[PDB]
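Visitor: Input: one structure, supplied below.
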Amino acid sequence: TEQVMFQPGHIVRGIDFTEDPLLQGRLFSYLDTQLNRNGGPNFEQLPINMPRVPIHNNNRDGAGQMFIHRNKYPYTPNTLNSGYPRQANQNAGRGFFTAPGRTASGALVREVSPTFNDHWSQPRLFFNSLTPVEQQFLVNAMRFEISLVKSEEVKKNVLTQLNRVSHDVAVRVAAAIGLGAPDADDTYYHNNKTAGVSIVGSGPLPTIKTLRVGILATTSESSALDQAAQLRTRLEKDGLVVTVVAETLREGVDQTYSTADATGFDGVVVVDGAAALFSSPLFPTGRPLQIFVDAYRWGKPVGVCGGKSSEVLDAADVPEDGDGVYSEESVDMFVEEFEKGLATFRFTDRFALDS
Amino acid sequence: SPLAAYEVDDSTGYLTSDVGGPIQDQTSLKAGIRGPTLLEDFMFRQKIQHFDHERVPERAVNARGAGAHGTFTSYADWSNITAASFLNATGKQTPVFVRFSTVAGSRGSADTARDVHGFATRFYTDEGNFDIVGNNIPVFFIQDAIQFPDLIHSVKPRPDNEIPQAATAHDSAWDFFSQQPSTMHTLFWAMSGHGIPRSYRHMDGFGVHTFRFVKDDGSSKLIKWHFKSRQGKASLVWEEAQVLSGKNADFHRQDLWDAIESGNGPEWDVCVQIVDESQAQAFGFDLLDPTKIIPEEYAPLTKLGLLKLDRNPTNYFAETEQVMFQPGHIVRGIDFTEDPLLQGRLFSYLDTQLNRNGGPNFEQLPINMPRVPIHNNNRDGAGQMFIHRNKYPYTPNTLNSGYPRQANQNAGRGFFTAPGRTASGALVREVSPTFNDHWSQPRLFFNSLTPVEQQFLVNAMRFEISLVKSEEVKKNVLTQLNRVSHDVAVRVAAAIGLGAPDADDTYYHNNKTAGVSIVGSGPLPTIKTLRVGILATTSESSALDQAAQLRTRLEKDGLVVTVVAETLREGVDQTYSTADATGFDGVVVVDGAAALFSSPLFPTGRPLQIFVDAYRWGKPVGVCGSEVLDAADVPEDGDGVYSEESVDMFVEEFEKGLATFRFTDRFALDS
Amino acid sequence: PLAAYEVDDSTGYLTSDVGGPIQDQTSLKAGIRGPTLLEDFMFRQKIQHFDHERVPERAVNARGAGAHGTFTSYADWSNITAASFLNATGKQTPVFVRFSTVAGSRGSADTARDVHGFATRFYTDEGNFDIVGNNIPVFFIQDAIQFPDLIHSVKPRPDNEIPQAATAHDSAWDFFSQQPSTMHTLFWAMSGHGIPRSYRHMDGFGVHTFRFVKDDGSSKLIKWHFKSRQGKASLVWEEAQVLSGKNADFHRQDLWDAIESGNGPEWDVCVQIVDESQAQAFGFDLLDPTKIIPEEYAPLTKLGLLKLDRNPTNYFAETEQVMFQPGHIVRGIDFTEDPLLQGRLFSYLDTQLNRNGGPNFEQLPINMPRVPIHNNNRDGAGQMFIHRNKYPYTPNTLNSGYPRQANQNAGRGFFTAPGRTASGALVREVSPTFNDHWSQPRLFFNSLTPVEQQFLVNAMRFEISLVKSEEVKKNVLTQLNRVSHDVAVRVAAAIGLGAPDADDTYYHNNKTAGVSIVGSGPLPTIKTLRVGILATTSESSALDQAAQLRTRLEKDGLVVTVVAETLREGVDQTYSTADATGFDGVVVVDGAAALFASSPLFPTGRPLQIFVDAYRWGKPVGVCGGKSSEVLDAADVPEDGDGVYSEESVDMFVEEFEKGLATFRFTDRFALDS
Ligand code: HEM
Ligand code: HEM
Ligand SMILES: [Ca+2]
Ligand SMILES: [Ca+2]
Ligand SMILES: [Ca+2]
Ligand SMILES: [Ca+2]
Ligand SMILES: [Ca+2]
Ligand SMILES: [Ca+2]
Ligand SMILES: [Ca+2]
Ligand SMILES: [Ca+2]
């Protein structure tokens with residue numbers, strides 16, 4: 001992984017470049033930068049970089065040269081090696097070839113094409129295509145980052161650009177930084193949308209295999225660990241990755257409260273045998289409840305399994321009838337409902353919106 | 001062998017990039033037929049990038065050299081003196097690679113420079129690579145490794161103008177020699193024919209330092225490595241070496257390559273002198289001192305095995321340029337000594353390879369790989385070619401069950417420091433007083449040379465010191481030479497118009513030692529590979545007939561025959577224009593060519609000058625079939641001068657001449 | 001010039017690189033006969049440095065030597081170029097020049113037969129401008145992508161790395177005969193241009209067509225030609241072979257010495273200037289680097305004087321580390337679509353990463369400009385600057401918009417010639433206008449003198465006789481025959497093959513000025529030329545003669561070496577170390593006549609050999625004193641021979657001998673094919 005050295009210059013017959021000036025310059029950079037990383041010119045000889053076909057060429061020597069070349073006439077044209085290696089091109093040897101319809105005309109220029117000049121319509125197209133909560137998250141990311149910019153001039157300049165994409169984005173972002181948004185400039189504003197760029201709108205996940213479920217239990221009650229073992233079995237059958245959390249390790253418990261965190265899970269379940277936990281030298285004060293509260297605040301499916309739920313849900317300020325909040329005595333029923341929540345993945349009705 | 005797996009065949013196939021994409025490489029991609037070249041041309045950039053990065057730093061010293069592969073075969077089970085696995089059974093064979101080199105010249109300098117020579121041998125043993133990084137001279141200029149940059153800066157070109165190339169013939173070098181008297185012994189060797197060997201095959205190999213042989217019972221003895229050439233000892237003469245440096249900079253590397261290609265691969269008996277630890281100061285000097293030899297009179301040679309070089313490299317850069325030797329490549333059964341020159345060497349080779357290779361994985365290059373499994377916790381680094389399966393590369397571990405396991409005197413045939421070794425005293429930057437005699441052994445060496453040999457060494461010093469501009473340095477040089485031999489001081493002083501200092505007899509003596517003279521080592525044991533130039537003419541069908549008759553005879557006796565004439569044709573190898581006496585070990589003029597001794601086809605007098613140069617330089621010379629000998633002012637009665645009508649008779653005599661190799665009576669001596 | 005970076009060690013105690021005083025002569029050991037200690041930091045820092053002294057040699061032109069100097073413009077050249085270094089009569093700009101061979105490694109001999117580099121850096125007030133040229137105006141190949149093919153073929157065979165610094169081997173001649181574009185440069189290399197007498201006696205060429213661009217955007221096509229003020233001179237090959245052995249450092253020493261004596265070499269920096277409309281008007285393509293513009297079609301314009309007058313202080317730091325680039329270009333100059341030039345632009349910037357081992361090679365003193373640098377290049381190994389601007393990106397407001405963009409209209413920016421265009425398919429195709437590989441080789445050959453043509457035939461005979469492959473030799477004769485049937489026949493005769501039937505397609509009888517060495521006439525100056533005076537310590541009068549000649553010769557700027565059996569006052573060299581290749585002219589004092597008729601002090605026949613060699617190689621030779629027959633007879637040299645002198649009078653001898661030094665070579669001494 002550290003030594004793999006990719007290049008857009010690693011192209012094959014059947015593919016060609018375009019005159020995208022970003023692409024064009026990349027072709028130089030990767031070949032050159034590999035000299036930096038590898039410290040010499042024979043980086044294509046590292047195992048991870050080698051091809052899976054024979055190499056025939058007249059490249060020689062260089063630091064770290066791993067081949068012993070038999071051909072002692074590595075120049076073209078030659079007779080002393082019978083004209084080998086032979087040239088490959090469109091008509092012989094399945095050579096790479098530049099698309100033959102490609103042309104260039106005009107002055108040799110350091111000029112930008114005016115066709116590149118619309119920097120704002122597509123940002124607006126992308127924004128228009130996000131759902132309302134998704135638009136809010138984007139506004140909030142901008143509010144977070146721009147509020148950390150110290151220069152008032154830079155912040156003003158940022159609002160000027162954002163406003164060219166969307167007046168509303170500029171207004172909402174300005175609100176957090178205590179500046180005024182400039183007046184609407186409608187040149188590039190439009191209402192068009194495009195498919196397949198939204199995450200929130202992309203629907204439930206097609207598979208929940210690998211998703212992580214944290215089961216918060218206790219060693220204080222044999223009943224709680226029995227619940228967690230049963231839940232584990234039912235969940236693991238479906239390819240979910242189960243972590244049972246308790247105060248200390250023992251058979252069946254994967255993780256102590258001290259090392260556990262809501263970020264370790266895609267869904268969190270409390271077994272009702274553990275309701276009492278919701279201070280100790282074994283974990284920070286309030287840790288078990290905070291794992292549940294965090295998972296809820298971050299949109300994850302959360303639930304209590306066993307039939308007794310009000311104690312836990314009330315301590316966590318989590319409404320029993322919320323979307324993505326589960327309570328069932330039946331392990332089977334609990335898991336069936338919970339797995340729907342995992343595919344839904346995030347319950348976005350837990351996030352405030354600008355009005 | 002690591003090398004077979006990495007050989008790449010390009011005898012068939014379409015050209016590809018390094019990542020296997022078929023491409024072309026003859027025309028740049030352009031915006032129109034007369035247009036500018038495009039940055040998107042990856043074919044151009046990958047090819048030019050590789051070319052732009054072909055070169056690597058030359059070796060800090062010994063940059064000019066050539067290598068070959070071969071085999072070492074043990075003569076015995078040497079258990080009784082060493083635990084070394086490669087020496088543990090009669091007939092046991094180990095692959096070797098050897099590089100020979102000069103020392104001061106950069107990588108494109110002439111082979112026939114006057115210099116110390118490197119003789120570095122890698123034994124790819126079944127218990128690790130073992131390197132003996134030796135020289136063709138048994139003693140070194142300096143007594144402490146820390147002085148190496150001083151010696152080498154003084155011998156290498158002056159740093160303002162990088163003049164002169166591959167030569168000690170300048171002020172700085174002789175300033176160093178005259179200020180650092182330890183240099184005298186190696187200097188005498190370099191100023192002898194040992195500085196200009198006839199080939200790599202006609203020189204011996206020496207480890208220089210005292211090492212230890214260590215037995216499995218922990219006992220040790222002190223040893224000197226001496227590789228004894230089976231081809232004999234032979235030198236050029238200095239004027240021939242100078243001409244050679246211009247006419248064939250590649251002379252030694254060509255000589256070696258050709259010998260191998262012809263099934264005449266060079267051999268050495270790999271030998272040691274072996275003495276007890278108690279004898280470290282028993283011979284009148286300290287065996288930790290790398291400026292001293294053990295005279296053979298005090299310790300004879302034990303023949304351990306045969307070294308044969310019999311395969312050339314496939315790719316010079318990948319094998320010869322990239323081989324990276326280290327005296328730190330040691331194996332169980334061998335140890336170091338407290339020789340301060342050897343001690344510091346240990347650090348230098350490991351570090352300098354980072355410079356050449358540009359990263360730390362230089363032992364992964366095929367030529368540097370061992371021939372046994374590697375088990376260690378070395379990881380990562382630029383150019384990492386392995387994919388290590390062990391994800392717990394730390395010791396001690398339980399998560400990899402304790403592997404790799406520690407090897408030591410009692411486990412896993414580990415290396416171990418000789419257990420009888422000790423250290424005692426202050427931590428000092430002081431030179432042992434036992435190292436202080438810088439002059440007796442140079443005198444021993446000089447005494448041991450034949451009179452003409454002593455003349456040649458004197459003439460070498462006369463040549464070089466006359467090129468020293470500084471009057472003060474010249475005087476200092478005579479001061480030191482005079483401590484070795486008053487006569488050497490006198491004779492050298494005469495050439496530079498200075499007076500020698502009065503005799504200082506402190507270190508004078510009349511002792512001699514066997515095995516250091518070239519001139520005295522007798523005729524060569526074989527003449528195979530030696531070169532005969534037959535000077536002929538296209539004028540006379542009879543000249544060509546004569547030449548071809550000589551050729552049949554001489555080639556059956558293993559000699560390399562070159563028939564020279566005005567122009568090439570069937571049976572003629574070389575034109576006069578490209579021919580030179582330095583190309584030959586013997587010269588024969590065929591009777592029919594007597595006329596040649598002006599043409600637009602070669603320089604005026606070239607045919608005669610080849611014959612005259614060969615005679616002046618001491619070679620066997622002859623005419624097969626009066627006038628030629630008169631023209632060349634060569635006496636018909638001369639030793640190593642042949643004059644016969646009978647081809648068989650001529651061949652028989654001439655071949656004795658080739659064994660004698662040099663007729664030293666052609667050289668004037670001081671009286 | 002680089003004074004700020006000099007370090008003086010003429011006084012003081014030894015220190016580490018961090019200024020701690022230390023010693024460096026004995027290792028630290030556990031006891032006086034003990035093992036060396038790892039804690040010996042004095043040892044490790046010294047030896048680490050030594051271990052890492054070397055850097056990769058240049059991929060080509062590894063063997064070379066450099067000096068500092070000054071360029072002076074002759075005029076304000078505004079009317080043809082915006083280049084600031086050319087914008088005022090008398091304007092001076094510091095330069096550094098490196099001269100080189102091409103194929104040999106470091107340590108190979110100066111006097112190998114080869115193309116030679118002539119790379120000039122102008123440290124201009126608008127940036128460093130490099131002209132990375134050669135001593136031959138045309139190059140072997142027509143596309144940069146072919147460079148590794150040419151260089152692999154010329155460099156040593158890669159199994160044994162043989163032969164050093166030579167085209168005289170199969171691969172080279174295989175490549176030349178398979179790639180006929182090579183013929184022009186090949187003919188130049190086989191002429192005296194392949195073995196120049198010194199770096200000072202050769203010219204410099206940019207090779208490619210470039211553009212001169214005016215501030216108004218208009219452009220003209222130019223060829224750069226640095227015309228030597230020392231004259232043109234070559235060695236003969238046999239002499240060159242001996243020199244390679246006797247003095248591998250010959251050209252570097254010659255240059256070093258000329259500068260130290262106050263005879264720094266000079267060139268007129270010239271251009272041929274033509275209109276863009278003339279790119280195809282001369283019967284060949286100006287984009288084609290295998291073609292010269294005959295001077296009859298476009299005369300040379302003298303732009304200014306280049307003079308080298310200061311040697312480096314440290315060869316490694318200055319000469320070894322200087323890193324030229326044709327991409328070091330300045331406002332007022334631009335490139336052309338020459339496909340050889342085009343790819344070179346990439347190569348030099350990349351290859352310096354190899355040599356320097358890091359990206360900040362422009363910060364080495366020798367590579368620095370003499371004007372402020374303002375850019376947003378940052379970090380990288382070996383970063384020597386401490387940049388204050390903490391906003392190194394454009395566009396910025398946080399650094400007020402600095403550095404500002406420079407272009408045609410502001411800040412005196414470089415700009416591409418605005419009339420330049422491209423048109424057509426993106427192609428890996430050679431222009432048919434490049435296809436004539438033979439007419440110019442023929443024009444060149446036709447322009448040489450008869451003995452010069454013989455020398456070139458003989459170079460080819462020498463090299464091609466060493467090619468082992470019969471098929472390569474036959475292919476070589478096929479290509480040479482397309483240039484000249486007579487050349488093919490004459491070369492063929494040495495290798496015992498038949499030349500193919502005449503093919504007259506590209507034969508012609510046209511000639512061009514300024515390409516012949518032999519025809520360029522006597523040297524305009526004899527200052528620095530070397531005279532060896534052969535004497536004897538056996539006769540006090542021979543020493544007196546040598547001394548009187550010394551005075552007379554040295555007065556005229558000649559470098560005089562007196563040779564005798566042994567050194568003493570007034571004798572510079574012994575016979576043992578003397579050689580005819582060390583001299584441009586040889587004089588025997590008649591008091592020394594007896595040595596020309598055995599000694600432990602030099603090789604048998606040495607004194608006579610020096611005289612005979614000098615004669616055979618065409619040099620002026622003579623005897624001073626009145627008694628010349630003994631020496632001249634022994635040397636088989638005729639008294640009435642041109643370039644052979646015999647006078648009693650020291651004054652008269654020197655006047656005649658000096659005319660001979662300017663003639664330089666007496667060509668009547670060389671046999672010609674019938
Ligand atoms: C007994 C005295 C010594 C002998 C016989 C010796 C022998 C050699 C030989 C034969 C080589 C070339 C190996 C090859 O062919 O690649 C070499 C290289 C080298 N030597 Fe030593 N040497 C000696 C002393 C030293 C000392 C004292 C130092 C430094 C403290 C030293 C540092 C080097 C370095 C830096 C190289 C280049 C190695 C490489 O690039 O792989 N030498 N020496
Ligand atoms: C018109 C033809 C050319 C001329 C006159 C030319 C001239 C030179 C000169 C004079 C040097 C040595 C500069 C110095 O003294 O440091 C040099 C080095 C070099 N050249 Fe060129 N060259 C030409 C074509 C090329 C081409 C086609 C390539 C590759 C595409 C190339 C790649 C190099 C490289 C890699 C070096 C070593 C540069 C360095 O290490 O700094 N040359 N050339
Ligand atoms: Ca193509
Ligand atoms: Ca010096
Ligand atoms: Ca000898
Ligand atoms: Ca063991
Ligand atoms: Ca070859
Ligand atoms: Ca000439
Ligand atoms: Ca590096
Ligand atoms: Ca521009």
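Residue names in the structure tokens use chain letters A, B, ... in the order shown, residue numbers from 1 in each chain, and ligand numbers from 1 in the order shown.
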Return as a ChimeraX atom specification the residues belonging to chain C that are within 6 Å of chain A, counting only C-alpha atoms.
Guide: /C:149,158,178,420-426
Visitor: Select, as a count of residues only, those residues of chain B with any atom no more than 8 Å from chain A (distances computed using only C-alpha atoms).
Guide: 53
Visitor: Can I get the residues close to ligand 2 as a PyMOL selection string, where close means within 6 Å and we count only C-alpha atoms and all ligand atoms?
Guide: (chain B and resi 52) or (chain C and resi 58-61+98-99+117-119+132-134+139+144+147+207+323-324+340+343-344+347-348+351-352)
Visitor: Report the residues of segment 179-262 of chain C whose backbone DSSP state falls under strand (DSSP E), written as an MDAnalysis selection string.
Guide: chainID C and resid 204:205 210:213 219:228
Visitor: Would you output that residue set with C-alpha atoms, as a tab-separated table (two decimals), in the first residue's frame?
Guide:
```tsv
chain	number	residue	atom	x	y	z
C	204	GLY	CA	30.60	26.83	-30.18
C	205	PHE	CA	27.20	26.21	-31.85
C	210	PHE	CA	16.01	29.49	-31.98
C	211	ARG	CA	13.96	32.68	-32.14
C	212	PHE	CA	14.85	36.27	-31.29
C	213	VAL	CA	11.66	38.01	-30.11
C	219	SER	CA	10.28	37.21	-34.21
C	220	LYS	CA	13.26	36.11	-36.34
C	221	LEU	CA	14.95	32.68	-36.64
C	222	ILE	CA	18.57	32.50	-35.39
C	223	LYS	CA	21.51	30.12	-35.18
C	224	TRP	CA	24.13	30.76	-32.49
C	225	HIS	CA	27.80	30.59	-33.55
C	226	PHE	CA	30.63	31.43	-31.15
C	227	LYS	CA	33.65	32.14	-33.37
C	228	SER	CA	37.02	31.44	-31.71
```
Visitor: Quick one: residues within 9 Å of residue 509 of chain C, only C-alpha atoms, excluding same-chain residues fewer than 5 positions away - as a ChimeraX atom specification?
Guide: /C:442-443,446
Visitor: Dump as a PyMOL selection string the residues of chain B that approach chain C to within 6 Å, counting only C-alpha atoms.
Guide: chain B and resi 26-33+35-36+44+52-53+55-57+106+108-109+146-147+159-161+242-243+245-247+314-316+338+352+355+423-429+432+495-497+567-569+599-600+668-670
Visitor: Please report the interatomic distance between atom CA of residue 96 of chain C and atom CA of residue 138 of chain C in Å with one decimal.
Guide: 23.2 Å
Visitor: Would you mind listing what lies within 7 Å of residue 257 of chain A as a compact mmCIF listing (two decimals) with N, CA, C and O atoms, in the first residue's frame, with only C-alpha atoms counted and same-chain residues fewer than 2 positions away left out?
Guide:
```
# COMPACT_ATOMS: atom_id res chain seq x y z
N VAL A 245 -20.95 -4.54 25.16
CA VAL A 245 -20.20 -3.61 26.05
C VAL A 245 -20.69 -3.82 27.48
O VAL A 245 -21.89 -3.98 27.70
N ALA A 246 -19.77 -3.90 28.44
CA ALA A 246 -20.14 -4.00 29.85
C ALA A 246 -19.03 -3.33 30.65
O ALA A 246 -18.06 -2.79 30.06
N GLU A 247 -19.13 -3.36 31.97
CA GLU A 247 -18.17 -2.61 32.80
C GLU A 247 -16.75 -3.18 32.72
O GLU A 247 -15.77 -2.45 32.77
N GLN A 255 -15.91 -5.40 24.88
CA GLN A 255 -15.43 -4.05 25.06
C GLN A 255 -15.95 -3.48 26.38
O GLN A 255 -17.12 -3.71 26.72
N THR A 259 -13.60 1.96 26.93
CA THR A 259 -13.10 2.09 25.52
C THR A 259 -14.23 2.26 24.49
O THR A 259 -13.95 2.46 23.28
N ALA A 260 -15.48 2.14 24.94
CA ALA A 260 -16.60 2.21 24.03
C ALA A 260 -17.01 3.64 23.75
O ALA A 260 -16.85 4.59 24.61
N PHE A 283 -15.03 3.49 34.45
CA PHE A 283 -15.36 4.27 33.23
C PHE A 283 -15.71 5.69 33.64
O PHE A 283 -16.07 5.92 34.82
N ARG A 287 -20.79 7.60 31.20
CA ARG A 287 -20.43 6.94 29.91
C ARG A 287 -21.53 6.07 29.25
O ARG A 287 -21.79 6.23 28.07
N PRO A 288 -22.18 5.18 30.03
CA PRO A 288 -23.12 4.28 29.33
C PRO A 288 -24.28 5.07 28.68
O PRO A 288 -24.59 4.85 27.51
```
Visitor: Got a sec to check which residues lie within 10 Å of ligand 4, using only C-alpha atoms and all ligand atoms, and send them as a compact mmCIF listing (two decimals) with N, CA, C and O atoms, in the first residue's frame?
Guide:
```txt
# COMPACT_ATOMS: atom_id res chain seq x y z
N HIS B 153 42.53 12.07 -0.68
CA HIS B 153 42.56 13.44 -1.22
C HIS B 153 43.94 13.79 -1.78
O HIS B 153 44.02 14.41 -2.85
N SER B 154 45.01 13.34 -1.12
CA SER B 154 46.37 13.69 -1.61
C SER B 154 46.68 13.01 -2.95
O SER B 154 47.42 13.56 -3.78
N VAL B 155 46.19 11.77 -3.16
CA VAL B 155 46.51 11.05 -4.40
C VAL B 155 45.60 11.42 -5.58
O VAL B 155 46.07 11.49 -6.75
N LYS B 156 44.32 11.67 -5.27
CA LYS B 156 43.36 12.08 -6.28
C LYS B 156 43.69 13.51 -6.81
O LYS B 156 44.59 14.21 -6.28
N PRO B 157 43.06 13.87 -7.93
CA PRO B 157 43.43 15.17 -8.58
C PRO B 157 43.32 16.39 -7.66
O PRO B 157 42.51 16.46 -6.77
N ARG B 158 44.20 17.36 -7.88
CA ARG B 158 44.16 18.60 -7.10
C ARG B 158 42.75 19.26 -7.23
O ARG B 158 42.20 19.33 -8.32
N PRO B 159 42.13 19.66 -6.09
CA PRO B 159 40.70 19.98 -6.11
C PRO B 159 40.29 21.30 -6.70
O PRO B 159 39.09 21.56 -6.83
N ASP B 160 41.25 22.15 -7.08
CA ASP B 160 40.86 23.35 -7.80
C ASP B 160 40.57 23.09 -9.30
O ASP B 160 39.60 23.64 -9.86
N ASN B 161 41.41 22.27 -9.94
CA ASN B 161 41.30 21.99 -11.40
C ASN B 161 41.07 20.52 -11.76
O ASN B 161 40.93 20.25 -12.95
N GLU B 162 41.01 19.62 -10.76
CA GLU B 162 40.87 18.16 -10.98
C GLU B 162 41.91 17.69 -12.00
O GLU B 162 41.61 17.00 -12.99
N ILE B 163 43.16 18.06 -11.71
CA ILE B 163 44.37 17.58 -12.40
C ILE B 163 45.40 17.07 -11.37
O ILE B 163 45.60 17.73 -10.37
N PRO B 164 46.05 15.88 -11.60
CA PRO B 164 46.02 15.01 -12.74
C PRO B 164 45.18 13.74 -12.48
O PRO B 164 45.09 13.28 -11.32
N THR B 168 49.80 9.35 -9.11
CA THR B 168 50.43 9.90 -7.88
C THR B 168 51.52 10.92 -8.24
O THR B 168 52.18 11.49 -7.36
N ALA B 169 51.70 11.12 -9.55
CA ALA B 169 52.77 11.99 -10.05
C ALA B 169 52.43 13.48 -9.94
O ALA B 169 52.37 14.20 -10.94
N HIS B 170 52.20 13.93 -8.71
CA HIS B 170 51.92 15.36 -8.44
C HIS B 170 52.25 15.72 -7.05
O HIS B 170 52.37 14.86 -6.15
N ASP B 171 52.38 17.03 -6.82
CA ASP B 171 52.86 17.49 -5.53
C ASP B 171 52.14 16.96 -4.32
O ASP B 171 52.78 16.58 -3.35
N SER B 172 50.80 16.97 -4.34
CA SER B 172 50.08 16.67 -3.11
C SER B 172 50.36 15.26 -2.65
O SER B 172 50.44 14.99 -1.44
N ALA B 173 50.47 14.36 -3.61
CA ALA B 173 50.65 12.96 -3.25
C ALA B 173 51.99 12.75 -2.56
O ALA B 173 52.10 12.09 -1.50
N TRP B 174 53.03 13.27 -3.20
CA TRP B 174 54.39 13.18 -2.61
C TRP B 174 54.56 14.03 -1.35
O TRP B 174 55.39 13.69 -0.49
N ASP B 175 53.80 15.12 -1.21
CA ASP B 175 53.76 15.87 0.07
C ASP B 175 53.24 14.93 1.19
O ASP B 175 53.87 14.78 2.23
N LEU B 467 58.22 15.41 -11.56
CA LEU B 467 56.98 16.16 -11.89
C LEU B 467 56.42 16.98 -10.73
O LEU B 467 55.49 17.77 -10.92
N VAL B 468 57.04 16.83 -9.56
CA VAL B 468 56.68 17.59 -8.36
C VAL B 468 57.28 18.97 -8.49
O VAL B 468 58.51 19.09 -8.66
N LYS B 469 56.44 20.01 -8.44
CA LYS B 469 56.92 21.39 -8.62
C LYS B 469 57.67 21.96 -7.41
O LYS B 469 58.67 22.69 -7.56
N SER B 470 57.23 21.57 -6.21
CA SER B 470 57.73 22.12 -4.96
C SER B 470 59.12 21.56 -4.62
O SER B 470 59.27 20.33 -4.41
```
Visitor: I'd like the neighbourhood of residue 664 of chain B as a list in words, where a residue qualifies if any of its atoms comes within 10 Å (using only C-alpha atoms), though same-chain residues fewer than 6 positions away should be ignored.
Guide: residues 451, 452, 453, 519, 616, 617, 618, 619, 639 and 640 of chain B
Visitor: Take the residues just selected and output them with N, CA and C atoms as a PDB file, in the first residue's frame.
Guide:
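Okay, this is what ended up in result-v6.pdb:
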```
ATOM      1  N   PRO B 451      68.568  -6.678  -9.719  1.00  0.00           N
ATOM      2  CA  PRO B 451      69.160  -5.361  -9.987  1.00  0.00           C
ATOM      3  C   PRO B 451      68.361  -4.530 -11.003  1.00  0.00           C
ATOM      4  N   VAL B 452      67.896  -5.166 -12.088  1.00  0.00           N
ATOM      5  CA  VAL B 452      67.119  -4.394 -13.069  1.00  0.00           C
ATOM      6  C   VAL B 452      65.772  -3.914 -12.440  1.00  0.00           C
ATOM      7  N   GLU B 453      65.210  -4.735 -11.565  1.00  0.00           N
ATOM      8  CA  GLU B 453      63.964  -4.427 -10.889  1.00  0.00           C
ATOM      9  C   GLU B 453      64.131  -3.208  -9.972  1.00  0.00           C
ATOM     10  N   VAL B 519      60.469  -9.928 -11.324  1.00  0.00           N
ATOM     11  CA  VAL B 519      61.552 -10.278 -12.245  1.00  0.00           C
ATOM     12  C   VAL B 519      62.196 -11.592 -11.808  1.00  0.00           C
ATOM     13  N   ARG B 616      62.409  -2.604 -27.563  1.00  0.00           N
ATOM     14  CA  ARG B 616      62.768  -1.663 -26.488  1.00  0.00           C
ATOM     15  C   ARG B 616      62.083  -2.003 -25.171  1.00  0.00           C
ATOM     16  N   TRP B 617      60.854  -2.493 -25.262  1.00  0.00           N
ATOM     17  CA  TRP B 617      60.082  -2.857 -24.064  1.00  0.00           C
ATOM     18  C   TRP B 617      60.350  -4.261 -23.531  1.00  0.00           C
ATOM     19  N   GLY B 618      61.319  -4.967 -24.134  1.00  0.00           N
ATOM     20  CA  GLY B 618      61.813  -6.217 -23.586  1.00  0.00           C
ATOM     21  C   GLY B 618      61.158  -7.508 -24.074  1.00  0.00           C
ATOM     22  N   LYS B 619      60.263  -7.383 -25.065  1.00  0.00           N
ATOM     23  CA  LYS B 619      59.540  -8.553 -25.593  1.00  0.00           C
ATOM     24  C   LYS B 619      60.403  -9.455 -26.501  1.00  0.00           C
ATOM     25  N   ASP B 639      69.671 -11.749 -26.776  1.00  0.00           N
ATOM     26  CA  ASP B 639      68.762 -12.569 -25.986  1.00  0.00           C
ATOM     27  C   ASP B 639      67.347 -12.182 -26.392  1.00  0.00           C
ATOM     28  N   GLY B 640      66.497 -13.168 -26.645  1.00  0.00           N
ATOM     29  CA  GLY B 640      65.073 -12.882 -26.994  1.00  0.00           C
ATOM     30  C   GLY B 640      64.855 -12.278 -28.375  1.00  0.00           C
TER      31      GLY B 640
END
```
